[PDB]
Amino acid sequence: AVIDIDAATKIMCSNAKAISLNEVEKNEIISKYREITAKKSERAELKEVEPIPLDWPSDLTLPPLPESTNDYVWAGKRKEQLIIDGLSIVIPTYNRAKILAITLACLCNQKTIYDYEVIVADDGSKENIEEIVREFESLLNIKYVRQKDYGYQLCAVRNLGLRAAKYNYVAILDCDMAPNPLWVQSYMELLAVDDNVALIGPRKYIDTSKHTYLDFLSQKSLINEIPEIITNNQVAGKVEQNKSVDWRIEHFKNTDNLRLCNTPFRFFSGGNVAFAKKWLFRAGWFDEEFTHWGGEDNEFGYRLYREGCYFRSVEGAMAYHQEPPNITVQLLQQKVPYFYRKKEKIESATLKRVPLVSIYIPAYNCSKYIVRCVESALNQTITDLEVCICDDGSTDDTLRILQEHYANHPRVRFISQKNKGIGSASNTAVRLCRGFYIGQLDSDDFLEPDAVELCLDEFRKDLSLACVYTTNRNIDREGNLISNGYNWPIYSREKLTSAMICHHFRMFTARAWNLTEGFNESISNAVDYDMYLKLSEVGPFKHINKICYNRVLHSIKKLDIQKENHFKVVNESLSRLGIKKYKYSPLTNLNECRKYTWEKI
Amino acid sequence: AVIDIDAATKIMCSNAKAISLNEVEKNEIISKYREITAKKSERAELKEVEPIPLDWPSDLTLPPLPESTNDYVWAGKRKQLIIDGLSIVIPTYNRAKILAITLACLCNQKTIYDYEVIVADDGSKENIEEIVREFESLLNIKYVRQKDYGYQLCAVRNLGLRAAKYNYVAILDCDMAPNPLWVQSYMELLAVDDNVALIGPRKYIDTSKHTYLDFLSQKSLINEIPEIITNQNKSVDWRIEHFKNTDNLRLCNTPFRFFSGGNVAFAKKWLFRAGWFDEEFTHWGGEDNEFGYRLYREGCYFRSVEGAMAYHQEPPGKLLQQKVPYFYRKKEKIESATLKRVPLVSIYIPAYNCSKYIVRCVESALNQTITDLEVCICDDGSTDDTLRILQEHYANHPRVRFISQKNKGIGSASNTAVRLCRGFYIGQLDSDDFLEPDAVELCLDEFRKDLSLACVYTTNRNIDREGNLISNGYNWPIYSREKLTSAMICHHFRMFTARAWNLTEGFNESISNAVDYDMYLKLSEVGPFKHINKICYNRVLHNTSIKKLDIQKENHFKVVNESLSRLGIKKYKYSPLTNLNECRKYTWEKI
Ligand SMILES: CC(=O)N[C@H]1[C@@H](OP(=O)(O)OP(=O)(O)OC[C@H]2O[C@@H](n3ccc(=O)[nH]c3=O)[C@H](O)[C@@H]2O)O[C@H](CO)[C@H](O)[C@@H]1O
Ligand SMILES: CC(=O)N[C@H]1[C@@H](OP(=O)(O)OP(=O)(O)OC[C@H]2O[C@@H](n3ccc(=O)[nH]c3=O)[C@H](O)[C@@H]2O)O[C@H](CO)[C@H](O)[C@@H]1O
Ligand SMILES: O=c1ccn([C@@H]2O[C@H](COP(=O)(O)OP(=O)(O)O)[C@@H](O)[C@H]2O)c(=O)[nH]1
Ligand SMILES: O=c1ccn([C@@H]2O[C@H](COP(=O)(O)OP(=O)(O)O)[C@@H](O)[C@H]2O)c(=O)[nH]1
Ligand SMILES: [Mn+2]
Ligand SMILES: [Mn+2]
Ligand SMILES: [Mn+2]
Ligand SMILES: [Mn+2]
């Protein structure tokens, strides 16, 4: 032999090539994998303690957490000016002019206080769409965008309009989705209060066939009067017809309009939605790689979620789908890791467009202990992950080593930058990660073969979890054991705002991270505590009591005053919670002391 | 019952009003101003020195400044982008036959970069869609349309630019038939340096005799057709004469004057940075010229390309002053003065607990020999009432604008105050200090005398927190970059070009002190400085600094210099010649 890349990854690339590597080889490598990721994290010393420090004030109560990952009421509380100009409404159209007409009519009948433009988006229609639009030029503040015919390009056309949209609030409407008179108002009135929430309107099905667009401009309510169509469903051999309905509405009333749902994107359907345009630049636009089978909605909604955008249902946004003359799970799979992606076995397992996990690593001068650091994650029971490193202007071979090692690794990705400190390094690396579950791994340390896996099981139990940390063992730079890391048994916010109990190896929901101000780039240290204190405000944490992190154990007078300094700021900075009646002051005037006192002000 | 604002402004807010003020009420106000501003800055002590620090390494030569504010070659040297392609927004209004010919010419483009054609239709009566729809199987053509609500050129240009999907855009009046090497000539340059906007030359020709089809088969006809006389010996792009003297503008200092939305190409990033086209316009110009100005102010460069020739087809039987002070603005007197929309000058004041000395500050800016000036104050999360003072003082002032943010250092307040300013000439004014009534004028003069000039600065005399004049401020007789890179010789009052600033990284929001020395150092690289040897600044002198902080002060200092490691200097390090903390003596260690 000589040198190489992990077997974990080796197998996936093999399972990929349509030309089967000889079983004899494949097996030999799989085994080598199985044995290198065989050890199991060893549980830790079972302790016993005071959940919420007694010293903790009995008049102080941190702002209650959110009741789910999409709880927008709680998001509303989070205090923290905007321009409420108008609502650019994009209507994707492929022929059906006589219908776009009706939809344009029901858009003339809008009783709202907001300015709204209608952007008819034509994706290479055959019928003459511009003819229609011109007819309305005298009623709506209408615009027309067109792209040539090159297939089914809804995502592409959706993008044109949204691009053409001039306001800060966009809305999307299939050309067959006739809004009700209160559509604009309903969306806008909510987008004006919270712009971090993507309103989703419901729908009903109507056979608008017996009418022309004139009937609607006339009867400015006719749209709410036309009977919902009926469906001839086949139930076990014999026919059963019922009133076709929006399958989502049932779910809407059972989640308080998705305020409690932990997977709102499952209901996001671009045929009638509204949101702040800023999100397009944050989570991207509709994926044009999607064919007519769909998935683009969920996949888009997912990325909205992964950034921190919320989801909400509006009844005032009811749209009417005009009657046109199964296995979605296999469509997301690749681009939506979170809820949908299920584990494959190394044998049949294969690389993923978007990894389920992203191990970020801030690296500065971690010369020799960095190739050990990266393989400690590439060699994990969870094969569906990636490693993103950020060279913080190392003054040593670090970066050079990363290249002659990972410059072509399908599962590793780095980025160099001029040294800006540890707070930054991270932001840069985290931003590099494309996965939903994100863990921390410093340069000189290294993990345990099932660290990531162990955390992953905890996220799956409570999809409300924002973070999950394990415990660690203090290690010799050389690699020798010399202690077991501090391990506070149970997690609670109070204990956190009293002492840094988030032992190392941490894992957080990218969405949760995005709901935070990110890493603090102006402090020499206390970076971890800050980030994780910030996280505690976003959601609950879960601690596993096993040793999954091997940490190297690596104080000149003046310095110290900084450390003490930083530590207390962090807790104070947590004024974010709108807490001003107290203050976490030191109790002593010593450097290495951490004893604190809740002095009132 | 009496109590109000200030003079100069008072008048301006009048000369504007539509009710003739009793010349009496007025007059006195005018004397107020005159005597309140009739003072002039006394010359500064005369010193004799040696221009370049005699310690300057012979083998150290500072990278040469640009030859003109728009020297894109220099810019080029200084120092992965996604070169997706070109988005060509073609503003259309009928002339459907001409469009067809133009589109036909874009079909014959010989280039390697990918491109798209967005037809921006501003209320055409004719069937533009038909023409677009015709060129579908030849061009990636998108077609956008807005209703006829008048002459909305800018409007439509923006609609299209918004619809652009690539990182590079281009505009071409519906009748501007591009030459075969157009798209290429632009991308070629755009891919190497996206901080320079490309201006294309034109030619007027007769097109009626043809049909868009001719140009499709005769891929080389638009070049053979004869120039005519549009409404010498024929009609010629007046700009072309200038394009060959200024070395394609590389030497021009008012490049925004040759900017046409009929034939240009630039990095879309600019729309997002200098603003889009100003829809507040009517039937003619100003836009091309005003948008270009803004670009200019945001550090953009203008370079006329030749290969981007375009042919202006002949039609069938068919304002600025407010927003542009750098060139056109005319220093007009007070009694007939006014409030210009876009100001010519802006004064930024980082504020932090200056409650006791702030009104005295802001005021002085207004009470200047200059009328077209503004003040942009940024309260850096003051603890005291600073903010309230400002509020109930200028919360309505038609020449003052302020803002609040949690205290984050001086390097931040600046980057925020300056980022707030709207004028072209920016001057620094510290809260507790106060300027002389003619300092914005003096500086303003020097700038008039030279446009290569990036910054002009005077000198000052120190003051007692209260007002008692203490000692006269330091003064280096003559400027030079080599000197500033050896010790802060850039005294206080300091005015620099908005553009200059924009060519820099702004203030350092990470250093307790030296910020000042870091900006004018960052600036000294972008352009030349002029030094007015007259006292125009009165700065308070606040006392006792305990050793510890004095330990970082000297630290920052040196860092600032070295930090000017952007000049690509790798062999020298500006180190100390003493471990003492308040010492500033240096040595050039050859590394
Ligand atoms: C009520 C509902 O479940 N609506 C969704 C459903 O559409 P539907 O299954 O209701 O079919 P549909 O034809 O109404 O959806 C087509 C929508 O896409 C447009 N179109 C169609 C063909 C074309 O070549 N270009 C084009 O832009 C057309 O303008 C219309 O707005 O499934 C789609 C999957 O893509 C979208 O997620 C729709 O929002
Ligand atoms: C190459 C050139 O010399 N261009 C400038 C010159 O054009 P011209 O004097 O040649 O004016 P023009 O008749 O070519 O019209 C200018 C452009 O505006 C468009 N248009 C016209 C009327 C309308 O209601 N909507 C509309 O979009 C039209 O398609 C054309 O693209 O002077 C104008 C003053 O405003 C513009 O600065 C043009 O950029
Ligand atoms: O300017 C820096 C300094 C440190 N680090 C990294 O931040 C982590 C923590 O710092 P270090 O090991 O030096 O001490 P630690 O902070 O680990 O206790 C390690 O990844 C360092 O490699 C960094 O990215 N940039
Ligand atoms: O946290 C601060 C501290 C000061 N300043 C402003 O910084 C400028 C210079 O501050 P300082 O007084 O320290 O500078 P000096 O007056 O000492 O030159 C003054 O206008 C202050 O009002 C600020 O914006 N933020
Ligand atoms: Mn449909
Ligand atoms: Mn370490
Ligand atoms: Mn013209
Ligand atoms: Mn001061």
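For neighbour counting, all protein chains shown are included, and Cβ atoms are generated from backbone atoms with ideal geometry for every residue, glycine included. What is reported rests on the model, the rules as stated and the sources as named; no laboratory read-out is quoted.
Observations
- Failed criterion for A:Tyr152 (all others in (1) within 23 Å of the chain's Cα centre (by Cα); (2) surrounded by fewer than 24 Cβ atoms within 10 Å (Cβ to Cβ); (3) of a type in the set (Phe, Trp, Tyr) hold): (1)
- Qualifying positions in the range A:377-388 - part of a loop (DSSP other than H, G, I, E, B) and small (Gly, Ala, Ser): none
- Pairs with Cβ under 6 Å, 6+ apart, first in the range A:141-163 and more than 10 Å from A:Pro92 (Cα to Cα), second among the polar types (S, T, N, Q) and within 16 Å of ligand 2 (Cβ to nearest atom): A:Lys143/B:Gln146
- A single member of B:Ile19, B:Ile83 is part of a loop (DSSP other than H, G, I, E, B), more than 30 Å from B:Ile535 (Cβ to Cβ) and not assigned by CATH to the domain that holds B:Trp182, and it is B:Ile19.
- Of the residues making up the range B:428-467, those that are more than 13 Å from ligand 4 (Cβ to nearest atom), of a type in the set (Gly, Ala, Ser) and either within 21 Å of the chain's Cα centre (by Cα) or surrounded by 22 or more Cβ atoms within 10 Å (Cβ to Cβ) (or both) are B:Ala439, B:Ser452, B:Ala454.
- Any hit, the range A:299-320, residues being away from ligand 5 (no atom under 16 Å from the Cβ), farther than 27 Å from A:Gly151 by Cβ and within 14 Å of chain B (Cβ to nearest Cβ): no
- Among the residues listed as A:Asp122, A:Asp194, the single one being in the same structural domain as A:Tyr94 (by CATH) and assigned to a loop (DSSP other than H, G, I, E, B): A:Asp194
- The helices (runs of 4 or more DSSP H) found wholly in the range B:390-490 and carrying at least 2 residues that are under 22 Å from B:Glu45 (Cβ atoms) occupy B:439-449, B:481-484.
- Residue check, B:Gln391 buried (at least 23 other Cβ atoms within 10 Å of the Cβ), over 25 Å from the mean Cα position of the chain (by Cα) and away from ligand 6 (no atom under 16 Å from the Cβ): no
- Across the range A:139-157, the qualifying residues are those that are in a loop (DSSP other than H, G, I, E, B) and not acidic (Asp, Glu), and the one among them that is nearest to the other protein chains (Cβ to nearest Cβ) is A:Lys148.
- The range B:526-551 - residue that is in a helix (DSSP H, G or I) and surrounded by fewer than 21 Cβ atoms within 10 Å (Cβ to Cβ) and, of those, nearest to ligand 2 (Cβ to nearest atom): B:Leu549
To keep it simple, each residue is scored yes or no on (1) within 16 Å of ligand 6 (Cβ to nearest atom); (2) outside the structural domain of A:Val90 (by CATH); (3) in contact with a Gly (Cβ under 6 Å, 6 or more places away or on another chain); (4) not polar (S, T, N, Q).
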residue: A:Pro227; (1), (2), (3), (4): no, no, no, yes
residue: A:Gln234; (1), (2), (3), (4): no, no, no, no
residue: A:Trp247; (1), (2), (3), (4): no, no, no, yes
residue: A:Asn254; (1), (2), (3), (4): no, no, no, no
residue: A:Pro264; (1), (2), (3), (4): no, no, no, yes
residue: A:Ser269; (1), (2), (3), (4): no, no, no, no
residue: A:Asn272; (1), (2), (3), (4): no, no, yes, no
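- Close pairs (7 angstrom Cβ cut-off, 6 or more residues apart or separate chains): among the small types (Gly, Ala, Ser) in the range A:353-370, part of a strand (DSSP E or B) anywhere: A:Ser358/A:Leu385; A:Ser358/A:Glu386; A:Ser358/A:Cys388; A:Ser358/A:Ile438; A:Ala363/A:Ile389; A:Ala363/A:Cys390; A:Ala363/A:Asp391; A:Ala363/A:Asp392
- Taken over the range A:552-568, the criterion of being surrounded by 15 or more Cβ atoms within 10 Å (Cβ to Cβ) and either farther than 22 Å from A:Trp488 by Cβ or over 37 Å from the mean Cα position of the chain (by Cα) (or both) is satisfied by A:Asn565 alone.
- Those residues of the range B:58-100 which are out of contact with any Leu (no Cβ under 9 Å at 6 or more places or on another chain), more than 14 Å from chain A (Cβ to nearest Cβ) and within 16 Å of ligand 7 (Cβ to nearest atom), in sequence order: B:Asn94, B:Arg95, B:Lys97, B:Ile98, B:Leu99
- Any hit, the range B:131-138, residues being at the interface with another protein chain (Cβ under 8 Å from one of its Cβ atoms), buried (at least 16 other Cβ atoms within 10 Å of the Cβ), in a loop (DSSP other than H, G, I, E, B) and touching a strand residue (DSSP E or B) at 6+ places or on another chain (Cβ under 7 Å): no
- Checking each residue in the range B:395-409 for being buried (at least 22 other Cβ atoms within 10 Å of the Cβ) and either aromatic (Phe, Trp, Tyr) or within 14 Å of ligand 4 (Cβ to nearest atom) (or both) picks out only B:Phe402.
For (1) of a type in the set (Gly, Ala, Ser); (2) within 14 Å of another protein chain (Cβ to nearest Cβ); (3) surrounded by 20 or more Cβ atoms within 10 Å (Cβ to Cβ); (4) in a loop (DSSP other than H, G, I, E, B), each residue gets a yes or a no:
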{"residue": "B:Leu159", "(1), (2), (3), (4)": "no, yes, yes, no"}
{"residue": "B:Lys165", "(1), (2), (3), (4)": "no, yes, no, yes"}
{"residue": "B:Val169", "(1), (2), (3), (4)": "no, yes, yes, no"}
{"residue": "B:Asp173", "(1), (2), (3), (4)": "no, no, yes, yes"}
{"residue": "B:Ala177", "(1), (2), (3), (4)": "yes, no, yes, no"}
{"residue": "B:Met187", "(1), (2), (3), (4)": "no, no, yes, no"}
{"residue": "B:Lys203", "(1), (2), (3), (4)": "no, no, yes, no"}
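- None of B:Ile5, B:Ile29 is in a loop (DSSP other than H, G, I, E, B), surrounded by 12 or more Cβ atoms within 10 Å (Cβ to Cβ) and in the same structural domain as B:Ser336 (by CATH) except B:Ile5.
Okay, residues lined up against (1) in contact with a strand residue (DSSP E or B) (Cβ under 9 Å, 6 or more places away or on another chain); (2) of a type outside the set (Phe, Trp, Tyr); (3) away from ligand 4 (no atom under 14 Å from the Cβ):
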{"position": "B:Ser471", "(1), (2), (3)": "yes, yes, yes"}
{"position": "B:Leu484", "(1), (2), (3)": "yes, yes, yes"}
{"position": "B:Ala498", "(1), (2), (3)": "yes, yes, yes"}
{"position": "B:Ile511", "(1), (2), (3)": "no, yes, no"}
{"position": "B:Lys522", "(1), (2), (3)": "no, yes, yes"}
{"position": "B:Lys530", "(1), (2), (3)": "yes, yes, yes"}
{"position": "B:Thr544", "(1), (2), (3)": "no, yes, no"}
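- If you filter the range B:404-426 down to residues that are within 13 Å of chain A (Cβ to nearest Cβ) and touching a helix residue (DSSP H, G or I) at 6+ places or on another chain (Cβ under 7 Å), you find that the one that is nearest to ligand 6 (Cβ to nearest atom) is B:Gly411.
- Residue pairs whose Cβ atoms lie under 6 Å apart, sitting 6 or more positions apart in sequence or on different chains, and linking a residue in the range A:75-102 that is surrounded by fewer than 18 Cβ atoms within 10 Å (Cβ to Cβ) to a partner that is polar (S, T, N, Q) and part of a loop (DSSP other than H, G, I, E, B), are A:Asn95/A:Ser125.
- Scanning the range A:468-505 for residues that are of a type in the set (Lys, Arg) and over 21 Å from A:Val569 (Cβ atoms), we see that the one that is surrounded by the fewest Cβ atoms within 10 Å (Cβ to Cβ) is A:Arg477.
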